[PDB]
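Asker: Okay, here's the structure, questions in a sec.
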Amino acid sequence: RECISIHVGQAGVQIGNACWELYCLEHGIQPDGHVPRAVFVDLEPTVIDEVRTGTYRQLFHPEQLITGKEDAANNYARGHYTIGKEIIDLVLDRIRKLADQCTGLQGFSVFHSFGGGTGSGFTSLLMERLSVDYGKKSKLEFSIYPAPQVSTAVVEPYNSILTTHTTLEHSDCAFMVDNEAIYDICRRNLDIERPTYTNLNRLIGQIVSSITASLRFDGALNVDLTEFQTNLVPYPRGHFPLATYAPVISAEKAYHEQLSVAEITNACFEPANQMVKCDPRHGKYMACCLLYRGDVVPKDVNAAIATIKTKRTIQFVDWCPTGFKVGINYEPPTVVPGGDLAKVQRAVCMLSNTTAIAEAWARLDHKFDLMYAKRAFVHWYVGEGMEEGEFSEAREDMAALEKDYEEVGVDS
Amino acid sequence: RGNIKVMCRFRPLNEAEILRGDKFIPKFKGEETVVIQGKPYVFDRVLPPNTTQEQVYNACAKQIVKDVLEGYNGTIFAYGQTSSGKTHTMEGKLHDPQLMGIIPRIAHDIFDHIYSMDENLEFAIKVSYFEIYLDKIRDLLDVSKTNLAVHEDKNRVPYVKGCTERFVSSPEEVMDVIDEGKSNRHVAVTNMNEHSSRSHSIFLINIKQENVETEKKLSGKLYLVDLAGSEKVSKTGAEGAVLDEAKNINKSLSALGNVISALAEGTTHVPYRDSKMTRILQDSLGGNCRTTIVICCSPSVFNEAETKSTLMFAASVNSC
Amino acid sequence: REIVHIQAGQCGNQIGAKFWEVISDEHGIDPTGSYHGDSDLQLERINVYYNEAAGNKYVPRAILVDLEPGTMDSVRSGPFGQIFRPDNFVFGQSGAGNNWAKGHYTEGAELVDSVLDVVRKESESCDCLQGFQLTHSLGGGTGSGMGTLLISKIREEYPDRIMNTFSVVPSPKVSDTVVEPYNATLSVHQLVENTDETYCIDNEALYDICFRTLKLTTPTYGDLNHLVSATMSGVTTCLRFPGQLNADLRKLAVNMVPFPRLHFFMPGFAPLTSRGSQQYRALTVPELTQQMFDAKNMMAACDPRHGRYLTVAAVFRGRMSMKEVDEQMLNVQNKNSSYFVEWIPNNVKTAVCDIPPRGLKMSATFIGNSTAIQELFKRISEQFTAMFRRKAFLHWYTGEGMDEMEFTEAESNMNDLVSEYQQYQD
Ligand SMILES: CC(=O)O[C@H]1C(=O)[C@@]2(C)[C@H]([C@H](OC(=O)c3ccccc3)[C@]3(O)C[C@H](OC(=O)[C@H](O)[C@@H](NC(=O)c4ccccc4)c4ccccc4)C(C)=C1C3(C)C)[C@]1(OC(C)=O)CO[C@@H]1C[C@@H]2O
Ligand SMILES: Nc1nc2c(ncn2[C@@H]2O[C@H](COP(=O)(O)OP(=O)(O)OP(=O)(O)O)[C@@H](O)[C@H]2O)c(=O)[nH]1
Ligand SMILES: Nc1nc2c(ncn2[C@@H]2O[C@H](COP(=O)(O)OP(=O)(O)O)[C@@H](O)[C@H]2O)c(=O)[nH]1
Ligand SMILES: [Mg+2]
């Protein structure tokens, strides 16, 4: 029934504090109410401390807040092997102590930031140690993969080609939200050149609320977590769909809010609104899980979608007749009291697997090579319990992820 | 003299590996290619289980020995995981004529050139033995010299000054020196049979000659490098002094790979400064003889994993 | 986390006074007083530079190494001079001769053990150690020689913790000493092989940047020092603050050093406007990158425009949009694709603290790893040879128990170091 969550890496923790905020906010549980149902991991104390100093301070147990005073290191190796190792046990312990206390759970919603040290590496083995300790569950990892041109870390790819290959054979469904492609939404669909990280977080903090929160919440067309991976992954590769939200209108500027279904659903497939720089440049969808929430008439959907199924310029895979999982919830969304999110009475958090990422992975793989081609910051990992193996052998890994996402599509 | 070459050697399955029933997974091709499920391979030469110690030596070391006796430099690297065949290939049955490896043969050929030239020539054979352990150069011939420095020669090329030089006048003297040094080598024991070495080993054979009548002098350097295998520290679970050992071994192998890759592509810049090992060997890689990297592999399900890694270390051969 | 500063030599020392003059105020620590901190955040992370004893006395955890009493006795007899626990003062009343050899082999080698002693008392302080900060000048005895030894020992004692080095490489135009290239070439040698992050500052790159980027007409040393200390605060201490995207010595190290040499950087501060007038506030952000990335404004002597970059780390510290930050960096990376090296898709390492420099609204430290610094070690290396060739003031070295092969060594080493760095400019 439940779904634990492990927010790993400063980012996964910032986003965590955010997604965790939106929660109580739409459940009437102020600062000090019940008890969360997740944990927080980081090898840099000062960040988890922000959850220990700032807002939502006492809504957590100093037990579900793991820290390694030591060093973060923007390098996979160190975070996965060398350092990150020391903490893992302890980490697990909570996701085994928190996993017990419950009643027939469904899985762990993992929150990490692909291209980091504590986020890429660590998790790599966290999800790793999970796939074995609970192979019998769902492992949906919600990632924030590398901005297409606006990356931060100098190494980023090293850290992301490595978190992909190690987690690939362990996740159930990996959701992806592109940090940059979300900015566009903040520039083009909300207008603000002042987007603090605290915003992107409010956003995913939204799209995510549509996943677990409301879905695990009764409705006219419930959709379990398992449901996802089933209706969402055509193949064992921990396939990565993309998150998209519909009413991303500004709560100040424009106001046409009352944008009946027929509109908000069409607003999902236009590439300028998908929290991912993977513009459907060719990527044929192969399965979409249209999660609606608020006042929505099933016919409105079983029509708004029909209209789409016949737009053709939206070309769905061949081997897939119908790939539209319509998830209907009741309670409308719940916007921050005064952030910058419109606040409509219905939304569409549609996520999907698109042959599109054939790109995004490509462009991120290429990156890697360029540097590896010169070993660049390699000495930083080797000296951290890794080898020419793990790199070269994780490169070959993704290689067959560029072929995979190519074969499962583009061909009939 | 002077292209770099890597040579692969597969050992037979021992008494130990047969009951399991591991089927022939390696389907050799030609005399240079080995196919295991992977990427396509190719090396300068691939020696099967049937290939003699004599046949192995002639192809990998014989030309380097001739160059050293002619006054030039040369280097021989031996790489492989535990139970790959390093000991058997490099030393074997040290006193037996058939069973002897690479080192007793080099030493045989050197002393066969010596004596045969006693007419106007005066020979001096100087040996040195050091290990690189925890990024420190430890003399294996003097236990007091645990942290040792380079200085530069007449041309501004570095060399290991203070390295205990031992004068050797026979093939038996060289073997005794190797044995003495081995007893000082940083070894680790998982099981009594296993010999993990947490350190890279460098054995130096310096062949000095003075032509009494011509007054002309030669000094050829032969470097025998024993490489500890790359360690996946996630596996093994190294820690404290082990994890620091594993990182250090891995770093050194990366450095070495970066150096050989640079020299293979005939690049202007060769990153000898990446490790203390590549700097000790700088003069003997640089502008010298036919460096040979001998990589030892195990056949069977025993090691498709570690065998694969052993071949990926060697990825610089002939590129491209 | 933590670090332990090291004031090697006079310069490195003089600067200590300025680095601590600043940092303290950037942490509300009065002379011997405690935390008067205008805020409450300038305390949760102080540890990085102090120690708890009394309850109002957080003492800087640095080391003051020098063979010339008068110096430390000027730093200890002035302003903040009375905050260092006397135990910190590792003096060498000997003759602090201006010889690299006199402070590395003969005179300094003695005072070393009595230093390492303390560098251990401070390291074994508490919590977890990160690395050590090292200030000095590569143009003297107590600086290049003895300080370059202090590290060679440090890096044998904790090859785990990092080593940032702040070197005052011998300015071009005019040398404030004569053997300079001797004391220098010899110390850079030691650097390229122990510390793993070096920030090279040039007394004349500063003047310039201090007399034209600050209409400042009488730039006393105190100033230069002050400007420098401003950068080293943005680096360390800063990142030991919160941030949307924070980093720390390692990130900085693990994102800036592609190849083990250690490589040296060139720090640059952001708002560098003259007092009154200039107070243009054009600091929205494009103004900071405008700044940081220009030629002038690079504390180094060389000009970036003269050689690609390998890595860059804009360590900003003041509330801004992870969008207008992450964005700007890009155009910058495209307007100058020419010089920014290619085999690194994203050279830049954007870092973002929150709280800014006490009195300012928005700043951003720049730590560049450009191949341009090739044209400096060249300089140094040249000066050497031109004088080595004639063994100029060599008797002051050898006569101190040195080697004719020692000088050879260093030059070559550091000389090769020039070579390599070009391997990427191409
Ligand atoms: C009224 C007002 O706003 O005054 C400003 C000011 O006028 C200006 C000109 C300051 C001023 O700085 C200088 O004039 C200066 C003098 C010698 C060397 C270098 C700089 C200032 O003195 C410096 C001072 O800086 C700080 O307070 C920072 O926290 C800074 N602190 C110190 O350097 C410091 C100085 C004395 C004692 C202890 C610390 C800092 C910067 C980076 C990291 C840590 C701390 C500031 C904003 C100002 C004055 C006071 C006039 C500027 O410098 C800095 C470092 O902020 C020079 O260009 C900038 C722009 C500022 O607007
Ligand atoms: N959406 C969103 N992205 C974030 C947030 N914080 C960081 N990121 C992104 O995630 C990545 C940053 O990871 P870091 O903060 O460097 O590292 P970490 O994953 O927390 O772990 P360490 O490297 O060990 O500190 C970058 O790509 C950022 O753009 C956030 O609050 N929201
Ligand atoms: N920025 C700066 N440079 C200094 C200071 N003091 C000396 N220098 C520089 O240091 C060099 C001289 O070395 P010095 O510090 O006297 O050596 P030592 O005292 O014998 O170790 C010259 O290039 C000076 O410009 C200072 O307080 N600030
Ligand atoms: Mg973090």
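Letters A, B, ... go to the chains of the structure tokens in the order shown; residues in each chain start at 1; ligands are counted from 1 in the same order.
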With only C-alpha atoms and all ligand atoms counted and 9 Å as the cut-off, give the residues of chain A in contact with ligand 2, each with its shortest interatomic distance in Å and the pair that gives it, as a tab-separated table.

Answerer:
```
residue	atom	partner	partner_atom_place_in_ligand_line	distance
A:8	CA	ligand 2	19 (O)	6.9
A:9	CA	ligand 2	20 (O)	3.3
A:10	CA	ligand 2	20 (O)	2.6
A:11	CA	ligand 2	6 (N)	3.5
A:12	CA	ligand 2	20 (O)	6.1
A:13	CA	ligand 2	20 (O)	6.9
A:14	CA	ligand 2	31 (O)	4.2
A:15	CA	ligand 2	31 (O)	4.6
A:16	CA	ligand 2	31 (O)	8.0
A:17	CA	ligand 2	31 (O)	8.4
A:18	CA	ligand 2	31 (O)	7.8
A:42	CA	ligand 2	24 (O)	6.4
A:43	CA	ligand 2	24 (O)	5.7
A:44	CA	ligand 2	25 (O)	6.2
A:47	CA	ligand 2	20 (O)	7.9
A:71	CA	ligand 2	24 (O)	7.5
A:72	CA	ligand 2	24 (O)	3.7
A:73	CA	ligand 2	24 (O)	5.3
A:74	CA	ligand 2	23 (O)	4.3
A:75	CA	ligand 2	23 (O)	7.0
A:76	CA	ligand 2	23 (O)	8.4
A:79	CA	ligand 2	24 (O)	6.9
A:112	CA	ligand 2	19 (O)	6.4
A:113	CA	ligand 2	10 (O)	4.8
A:114	CA	ligand 2	19 (O)	7.0
A:115	CA	ligand 2	11 (C)	5.9
A:116	CA	ligand 2	23 (O)	4.0
A:117	CA	ligand 2	23 (O)	3.6
A:118	CA	ligand 2	24 (O)	3.5
A:119	CA	ligand 2	19 (O)	3.9
A:120	CA	ligand 2	19 (O)	6.7
A:121	CA	ligand 2	24 (O)	8.5
A:122	CA	ligand 2	24 (O)	8.6
A:144	CA	ligand 2	3 (N)	6.2
A:145	CA	ligand 2	27 (O)	6.9
A:146	CA	ligand 2	27 (O)	5.5
A:147	CA	ligand 2	27 (O)	6.5
A:150	CA	ligand 2	29 (O)	8.3
A:151	CA	ligand 2	27 (O)	6.0
A:152	CA	ligand 2	27 (O)	5.8
A:153	CA	ligand 2	16 (O)	6.9
A:156	CA	ligand 2	27 (O)	7.8
A:177	CA	ligand 2	1 (N)	7.6
A:178	CA	ligand 2	1 (N)	7.7
A:179	CA	ligand 2	1 (N)	5.3
A:180	CA	ligand 2	29 (O)	7.8
A:182	CA	ligand 2	1 (N)	8.0
A:196	CA	ligand 2	31 (O)	8.5
A:197	CA	ligand 2	31 (O)	4.8
A:198	CA	ligand 2	31 (O)	5.7
A:199	CA	ligand 2	32 (N)	7.4
A:200	CA	ligand 2	1 (N)	4.6
A:201	CA	ligand 2	32 (N)	4.5
A:202	CA	ligand 2	32 (N)	8.3
A:203	CA	ligand 2	1 (N)	7.9
A:204	CA	ligand 2	1 (N)	6.8
A:205	CA	ligand 2	1 (N)	8.8
```

Asker: Using only C-alpha atoms and all ligand atoms, determine which residues fall within 7 Å of ligand 3, then list them as a PyMOL selection string.

Answerer: chain C and resi 9-12+14-15+96-98+137+139-144+168+170-171+175-177+203+221-222+224-225

Asker: Mind pulling up the distance from atom CA of residue A:292 to atom CA of residue A:4?

Answerer: 22.8 Å

Asker: Using only C-alpha atoms, determine which residues of chain C fall within 10 Å of chain A; present them as a PyMOL selection string.

Answerer: chain C and resi 1-2+44-45+127-130+240-260+310-313+319-331+333+342-351+424

Asker: May I have the residues within 8 Å of ligand 1, computed using only C-alpha atoms and all ligand atoms, as a count of residues only?

Answerer: 41

Asker: Give me, as a PyMOL selection string, the residues of chain A touching chain B, with the criterion being at most 10 Å (counting only C-alpha atoms).

Answerer: chain A and resi 77+80-82+85-86+125+373-375+378-390+392-393+396

Asker: Any chance you could tabulate, as JSON lines, the residues of chain C at most 8 Å from chain B with each one's nearest atom pair and distance in Å to one decimal, using only C-alpha atoms, in chain and rising number order?

Answerer:
```
{"residue": "C:259", "atom": "CA", "partner": "B:274", "partner_atom": "CA", "distance": 7.9}
{"residue": "C:260", "atom": "CA", "partner": "B:274", "partner_atom": "CA", "distance": 6.7}
{"residue": "C:261", "atom": "CA", "partner": "B:274", "partner_atom": "CA", "distance": 7.6}
{"residue": "C:405", "atom": "CA", "partner": "B:152", "partner_atom": "CA", "distance": 7.1}
{"residue": "C:408", "atom": "CA", "partner": "B:156", "partner_atom": "CA", "distance": 7.6}
{"residue": "C:409", "atom": "CA", "partner": "B:152", "partner_atom": "CA", "distance": 6.5}
{"residue": "C:412", "atom": "CA", "partner": "B:156", "partner_atom": "CA", "distance": 7.3}
{"residue": "C:419", "atom": "CA", "partner": "B:269", "partner_atom": "CA", "distance": 7.9}
{"residue": "C:420", "atom": "CA", "partner": "B:269", "partner_atom": "CA", "distance": 6.7}
{"residue": "C:423", "atom": "CA", "partner": "B:269", "partner_atom": "CA", "distance": 6.2}
```

Asker: Please measure the separation of atom CA of residue C:66 and atom CA of residue C:415, giving the value in Å to one decimal.

Answerer: 28.3 Å

Asker: Give the strand (DSSP E or B) residues of stretch 263-312 of chain B, as assigned by DSSP on the backbone, as a list in words.

Answerer: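 Those residues are residues 292, 293, 294, 295, 296 and 297 of chain B.
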
Asker: Can I get the selection written as a CSV table (one decimal), in the first residue's frame, with N, CA, C and O atoms?

Answerer:
```
chain,number,residue,atom,x,y,z
B,292,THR,N,57.7,-4.8,-24.2
B,292,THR,CA,56.7,-5.9,-24.3
B,292,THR,C,55.9,-5.9,-23.1
B,292,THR,O,56.4,-6.0,-22.0
B,293,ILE,N,54.6,-5.9,-23.2
B,293,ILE,CA,53.7,-6.1,-22.1
B,293,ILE,C,53.1,-7.5,-22.3
B,293,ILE,O,52.5,-7.9,-23.3
B,294,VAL,N,53.5,-8.4,-21.3
B,294,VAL,CA,53.0,-9.8,-21.3
B,294,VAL,C,51.8,-9.8,-20.3
B,294,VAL,O,51.9,-9.6,-19.1
B,295,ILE,N,50.6,-10.1,-20.9
B,295,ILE,CA,49.4,-10.2,-20.1
B,295,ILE,C,48.9,-11.7,-20.0
B,295,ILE,O,48.7,-12.4,-21.0
B,296,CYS,N,48.9,-12.2,-18.7
B,296,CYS,CA,48.5,-13.6,-18.5
B,296,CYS,C,47.0,-13.7,-18.1
B,296,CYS,O,46.5,-13.0,-17.3
B,297,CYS,N,46.3,-14.7,-18.9
B,297,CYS,CA,44.8,-14.9,-18.7
B,297,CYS,C,44.5,-16.4,-18.4
B,297,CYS,O,45.2,-17.3,-18.8
```

Asker: Any idea what's packed within 9 Å of residue C:13, counting only C-alpha atoms, ignoring anything in its chain fewer than 6 positions away? Could you give it as a PyMOL selection string?

Answerer: chain C and resi 6-7+64-66+71-72+75+135-136

Asker: Generate the output file for the selected residues, N, CA and C atoms, as a PDB file, in the first residue's frame.

Answerer:
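Writing the result to part.pdb gives the following:
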```
ATOM      1  N   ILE C   6      48.147  27.825   7.197  1.00  0.00           N
ATOM      2  CA  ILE C   6      49.594  27.793   7.421  1.00  0.00           C
ATOM      3  C   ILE C   6      50.293  29.046   6.855  1.00  0.00           C
ATOM      4  N   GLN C   7      50.773  29.913   7.755  1.00  0.00           N
ATOM      5  CA  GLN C   7      51.457  31.170   7.403  1.00  0.00           C
ATOM      6  C   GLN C   7      52.972  31.042   7.244  1.00  0.00           C
ATOM      7  N   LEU C  64      52.073  29.661  12.258  1.00  0.00           N
ATOM      8  CA  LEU C  64      52.902  30.803  11.875  1.00  0.00           C
ATOM      9  C   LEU C  64      54.363  30.375  11.895  1.00  0.00           C
ATOM     10  N   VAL C  65      54.855  30.037  10.713  1.00  0.00           N
ATOM     11  CA  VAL C  65      56.213  29.565  10.525  1.00  0.00           C
ATOM     12  C   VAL C  65      57.109  30.650   9.912  1.00  0.00           C
ATOM     13  N   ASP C  66      58.213  30.952  10.594  1.00  0.00           N
ATOM     14  CA  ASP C  66      59.139  31.978  10.125  1.00  0.00           C
ATOM     15  C   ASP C  66      60.450  32.005  10.917  1.00  0.00           C
ATOM     16  N   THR C  71      59.220  39.777  12.172  1.00  0.00           N
ATOM     17  CA  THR C  71      57.980  39.605  11.419  1.00  0.00           C
ATOM     18  C   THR C  71      56.825  39.206  12.318  1.00  0.00           C
ATOM     19  N   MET C  72      56.795  37.937  12.719  1.00  0.00           N
ATOM     20  CA  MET C  72      55.726  37.439  13.579  1.00  0.00           C
ATOM     21  C   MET C  72      55.554  38.337  14.803  1.00  0.00           C
ATOM     22  N   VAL C  75      53.210  41.007  13.596  1.00  0.00           N
ATOM     23  CA  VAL C  75      51.886  40.460  13.383  1.00  0.00           C
ATOM     24  C   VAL C  75      51.277  40.150  14.737  1.00  0.00           C
ATOM     25  N   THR C 135      49.870  29.742   2.810  1.00  0.00           N
ATOM     26  CA  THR C 135      50.238  31.062   2.283  1.00  0.00           C
ATOM     27  C   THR C 135      51.751  31.237   2.387  1.00  0.00           C
ATOM     28  N   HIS C 136      52.290  31.871   1.369  1.00  0.00           N
ATOM     29  CA  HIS C 136      53.728  32.130   1.284  1.00  0.00           C
ATOM     30  C   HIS C 136      54.078  32.723  -0.076  1.00  0.00           C
TER      31      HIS C 136
END
```

Asker: Would you compute the distance between atom CA of residue A:167 and atom CA of residue A:242? Give it in Å to one decimal.

Answerer: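 A separation of 17.2 Å between them.
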
Asker: Hey, what's within 12 Å of residue B:109 if we count only C-alpha atoms and toss same-chain stuff fewer than 5 positions away? As a list in words, please?

Answerer: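 Here the qualifying residues turn out to be residues 57, 58, 61, 62, 63, 64, 65, 66, 67, 68, 69, 102, 103, 104, 114, 115, 116, 170, 171 and 207 of chain B.
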
Asker: Quick one: residues within 6 Å of residue A:110, only C-alpha atoms, excluding same-chain residues fewer than 3 positions away - as JSON, numbers by chain?

Answerer: {"A": [5, 6, 7, 141, 142]}

Asker: Print the selection's residues with N, CA, C and O atoms to a file, as a compact mmCIF listing (two decimals), in the first residue's frame.

Answerer:
```
# COMPACT_ATOMS: atom_id res chain seq x y z
N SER A 5 10.45 6.51 0.63
CA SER A 5 11.20 7.39 -0.25
C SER A 5 12.55 7.72 0.36
O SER A 5 12.66 8.02 1.54
N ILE A 6 13.58 7.64 -0.47
CA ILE A 6 14.93 7.93 -0.04
C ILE A 6 15.51 9.05 -0.86
O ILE A 6 15.89 8.87 -2.01
N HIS A 7 15.54 10.24 -0.27
CA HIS A 7 16.06 11.42 -0.94
C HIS A 7 17.57 11.47 -0.77
O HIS A 7 18.07 11.79 0.31
N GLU A 141 12.73 5.33 -9.29
CA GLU A 141 13.65 6.37 -8.88
C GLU A 141 13.38 7.63 -9.66
O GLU A 141 13.41 7.64 -10.89
N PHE A 142 13.13 8.69 -8.92
CA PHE A 142 12.85 9.99 -9.51
C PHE A 142 14.13 10.81 -9.64
O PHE A 142 14.60 11.40 -8.66
```

Asker: Can you tell me, as a PyMOL selection string, what residues are no more than 10 Å from residue C:113 when counting only C-alpha atoms, ignoring any on the same chain fewer than 6 positions away?

Answerer: chain C and resi 119+150+153

Asker: Would you kindly return, as a list in words, each protein, DNA or RNA residue with an atom no farther than 6 Å from any atom of stretch 182-197 of chain B, considering only C-alpha atoms and excluding same-chain residues fewer than 2 positions away?

Answerer: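 Listed by chain and then number, they are residues 140, 179, 180, 199 and 228 of chain B.
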
Asker: What are the DSSP alpha helix (DSSP H) residues of stretch 308-376 of chain A, as a list in words?

Answerer: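 In stretch 308-376 of chain A, DSSP puts these residues in alpha helix (DSSP H): residues 308, 309, 358, 359, 360, 361, 362, 363, 364, 365, 366, 367, 368, 369, 370, 371 and 372 of chain A.
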
Asker: Suppose we keep C-alpha atoms; can you now write the selection as a PDB file, in the first residue's frame?

Answerer:
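For reference, selection-v3.pdb as written:
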```
ATOM      1  CA  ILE A 308      -4.999  12.957 -29.648  1.00  0.00           C
ATOM      2  CA  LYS A 309      -4.739   9.303 -30.690  1.00  0.00           C
ATOM      3  CA  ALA A 358      17.493   8.173 -27.526  1.00  0.00           C
ATOM      4  CA  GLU A 359      18.730  11.732 -27.784  1.00  0.00           C
ATOM      5  CA  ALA A 360      19.249  12.898 -24.193  1.00  0.00           C
ATOM      6  CA  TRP A 361      21.246   9.727 -23.453  1.00  0.00           C
ATOM      7  CA  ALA A 362      23.217  10.100 -26.660  1.00  0.00           C
ATOM      8  CA  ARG A 363      24.155  13.729 -25.992  1.00  0.00           C
ATOM      9  CA  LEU A 364      25.156  12.768 -22.460  1.00  0.00           C
ATOM     10  CA  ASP A 365      27.148   9.754 -23.470  1.00  0.00           C
ATOM     11  CA  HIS A 366      29.132  11.649 -26.081  1.00  0.00           C
ATOM     12  CA  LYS A 367      30.066  14.158 -23.349  1.00  0.00           C
ATOM     13  CA  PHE A 368      31.606  11.356 -21.316  1.00  0.00           C
ATOM     14  CA  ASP A 369      33.803  10.062 -24.126  1.00  0.00           C
ATOM     15  CA  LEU A 370      35.318  13.416 -24.878  1.00  0.00           C
ATOM     16  CA  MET A 371      36.718  13.513 -21.349  1.00  0.00           C
ATOM     17  CA  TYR A 372      37.396   9.838 -20.880  1.00  0.00           C
TER      18      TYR A 372
END
```
